Amino acid sequence: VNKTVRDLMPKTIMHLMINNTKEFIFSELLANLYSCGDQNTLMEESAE
Amino acid sequence: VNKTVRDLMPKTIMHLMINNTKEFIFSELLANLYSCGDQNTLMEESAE
Amino acid sequence: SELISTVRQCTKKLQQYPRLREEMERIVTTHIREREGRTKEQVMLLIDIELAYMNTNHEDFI
Amino acid sequence: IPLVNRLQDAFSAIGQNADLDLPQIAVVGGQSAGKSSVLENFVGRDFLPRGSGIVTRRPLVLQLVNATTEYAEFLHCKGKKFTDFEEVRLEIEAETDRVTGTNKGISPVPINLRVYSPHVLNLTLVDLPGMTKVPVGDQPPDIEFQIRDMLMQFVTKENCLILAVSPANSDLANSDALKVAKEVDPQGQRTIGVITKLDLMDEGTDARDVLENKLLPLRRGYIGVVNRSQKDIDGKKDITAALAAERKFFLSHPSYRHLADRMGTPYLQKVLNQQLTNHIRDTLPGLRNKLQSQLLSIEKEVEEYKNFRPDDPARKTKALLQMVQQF
Ligand SMILES: Nc1nc2c(ncn2[C@@H]2O[C@H](COP(=O)(O)OP(=O)(O)CP(=O)(O)O)[C@@H](O)[C@H]2O)c(=O)[nH]1
Ligand SMILES: [Mg+2]
């Protein structure tokens with residue numbers, strides 16, 4: 001049981017979290033990034 | 001991967017199907033049977 | 001705790017912009033903390049499956 | 001009322017040992033800037049030592065918490081429940097004197113105080129002594145470094161919002177608050193600037209260039225407040241008429257009326273509320289699930305409990321039958 005939990009617990013987290021937040025970064029980040037905030041008073045130049 | 005799917009197909013079926021229908025029988029069947037209408041006709045005396 | 005810091009590591013240095021290293025981090029981190037619930041649920045349900053049959057036909061010696 | 005306050009009220013109601021995990025707030029500035037006055041006006045109730053000279057001479061770690069009705073407790077008068085704020089202030093100053101002395105000495109040992117209120121967050125306010133360079137009275141010759149690192153040990157930690165208090169009397173370039181603010185928070189992402197004493201500016205001068213965030217551009221902007229003068233403090237002026245006078249001054253001054261809406265203490269309270277709202281999230285999906293599972297663990301019995309009427313034969317007999325079967 002220890003072997004079959006060690007061989008399987010990385011897979012479940014990395015199918016539900018890694019390969020899903022990565023897909024979200026590919027295909028949805030801009031869509032909601034446009035929506036959050038003003039979309040106009042965003043990406044304002046830092047004083048530097 | 002055949003070993004790991006062969007060891008977790010039974011467990012997957014039963015933890016969801018059998019070891020849950022068993023608890024349904026032992027816990028919830030009585031409530032449904034008593035709550036369904038027309039108690040007088042739920043128990044029909046058979047002619048025999 | 002490690003991935004959410006790696007996101008910060010890859011947003012702090014590319015983004016000179018203010019508030020665009022903030023909205024980006026906020027959105028990505030909220031998505032990650034939304035996924036942590038699902039993955040914890042799946043891990044718990046994997047354990048609850050491994051408490052169901054206790055096979056012996058496998059390569060344990062009888 | 002703010003939704004973060006309502007959420008905290010609901011959290012207190014459920015009573016589970018959960019918290020929104022807000023960042024702490026530290027108010028810092030130069031000596032006689034107005035730090036304690038701004039802090040008490042943000043709290044809403046007058047319970048802080050405020051006077052000319054050195055007054056806030058010991059780090060006061062306030063904890064505003066939520067409960068049914070209001071009182072205050074220290075960590076030395078254990079069991080006692082201070083209720084009237086004149087007594088609270090007198091106890092505060094006596095506690096400061098009992099270790100610092102009565103010759104303007106200071107002590108870095110924090111005074112841990114807790115206040116209860118019906119509609120406040122589980123905040124963590126930190127009032128600190130102002131920054132001085134030349135020792136006065138019996139202070140050690142390194143009083144500057146002492147105050148500096150003493151407040152640095154509280155500010156340099158993360159999740160510590162900074163209230164950089166500066167008077168409108170001295171030119172902004174001298175601000176001991178802004179020096180530390182830009183030293184510990186370079187990008188200015190957890191720093192908020194407040195300009196006090198706007199009624200004490202020289203004839204013909206105005207703080208327009210700094211309140212429009214042009215003279216020293218800071219990301220979060222500068223909020224202008226006008227507290228109660230020392231004469232008003234001695235005359236026991238009340239918060240409501242003080243705020244009315246501040247509003248009148250902002251509407252009457254030709255150089256600020258175009259920003260009167262964005263100036264004032266209530267705006268500062270609103271801005272702190274906005275920052276706390278933006279900081280409580282990034283954990284809600286974890287917390288929403290954390291108590292969603294809690295709701296799951298009881299929804300089953302809630303089914304029996306929503307519609308219970310005494311003498312119901314159906315429920316009574318069903319319960320009897322299941323009890324007998326499990327027996
Ligand atoms: N007219 C006027 N007086 C103000 C204003 N703000 C503060 N004061 C006065 O500053 C004096 C000290 O106020 P206080 O907030 O206690 O300063 P402090 O920061 O505690 C002094 P330290 O931090 O060094 O211990 C008081 O007399 C107060 O009336 C203001 O906006 N207008
Ligand atoms: Mg003070």
Going 7 Å from the Cα of residue D:149 along its beta-carbon direction, which residues of region D:73-114 have the amide nitrogen within less than 14 Å of the resulting point? D:108
What's the minimum Cβ distance from chain B to the axis relating it to A, in whole Å, and which residue gives it? B:4, 3
For the pair residue D:209 and residue A:8, how long in nm is the line joining their label points, each one 7 Å along Cα→Cβ? 7.2
Sort out for me the Cα centre separation of region D:175-244 from region A:1-17, rounded to whole Å. 56
What is the fewest-to-most order of B:28, B:44 by other Cβ atoms lying within 10 Å of their Cβ? B:44, B:28
Percentage relative contact order, region D:178-314, counting C-alpha pairs under 8 Å, at least six apart: 18
Loop trypsin sites (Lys or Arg not before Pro), region D:1-65 (other Cβ atoms within 10 Å of the site Cβ: 16 or fewer; DSSP): D:45
Extending each Cα 7 Å along its Cβ direction at residue B:26 and residue D:315, get the distance between those two points in nm, one decimal. 2.6
Chain C - mean residue ellipticity at 222 nm from DSSP helices (-39,500 (n - 2.57) per run, n ≥ 4, rounded to 500): -23000 deg cm²/dmol
When the helix-only estimate is applied to chain D (DSSP H runs of n ≥ 4, each -39,500 (n - 2.57), divided by the residue count), what is the mean residue ellipticity at 222 nm, nearest 500 deg cm²/dmol? -13000 deg cm²/dmol
Computed FRET efficiency, Cβ-Cβ of residue A:39 and residue B:45, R0 60 Å: what is it to the nearest 0.05? 0.20
Counting DSSP beta bridges with both ends in the protein assembly as shown, the antiparallel % (nearest 5): 20
Take the Cα atoms of chain A, find their three principal axes, and give me the spread along each one in whole Å, biggest first. 56, 25, 14
Ratio of alpha-carbon Rg to the 2.2 N^0.38 Å globular estimate for the protein assembly as shown, to two decimals, please. 1.34
Expressed in nm², what is the orientationally averaged projection area of the convex hull enclosing the Cα positions of region D:118-209? 8.9
Starting from the Cα coordinates of region C:1-46, work out the convex hull volume and express it per residue in Å³. 53
Region D:239-278: radius of gyration over Cα atoms, expressed as a fraction of 2.2 N^0.38 Å: 1.30
Can you compute log10 of I(q)/I(0) for region D:22-180 with the Debye formula, treating each Cα as one identical point scatterer, at q = 0.09 Å⁻¹? -0.28
Name the residue, out of D:219, D:315, D:262, whose mean-square fluctuation peaks in a Gaussian network model built on chain D with Cα pairs under 10 Å. D:315
With +1 on each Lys and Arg Cβ and -1 on each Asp and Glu Cβ, how big is the dipole of chain D about its Cα centre, in debye rounded to the nearest 20? 680
FRET efficiency estimate (nearest 0.05) - Cβ-Cβ, residue D:97 to residue D:159, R0 30 angstrom: 0.40
Report the normalised scattering of region D:162-319 as log10 I(q)/I(0) at q = 0.10, 0.19, 0.21 Å⁻¹, calculated by the Debye formula with identical scatterers on the alpha carbons. -0.54, -1.21, -1.36
Cα atoms only: what Rg and Dmax, in Å, come out for chain D? 24.6, 91
Take the alpha-carbon centre of chain C, take the same for region D:269-289, and report the distance between them in whole Å. 22
At 222 nm, what value in deg cm²/dmol follows for chain B if DSSP H runs of at least 4 each add -39500 (n - 2.57) and the sum is divided by all its residues, to the nearest 500? -17500 deg cm²/dmol
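Read the figures in this text as sums done on the coordinates, not as results from a lab. Virtual Cβ from ideal backbone geometry, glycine too; neighbours counted across all protein chains shown.
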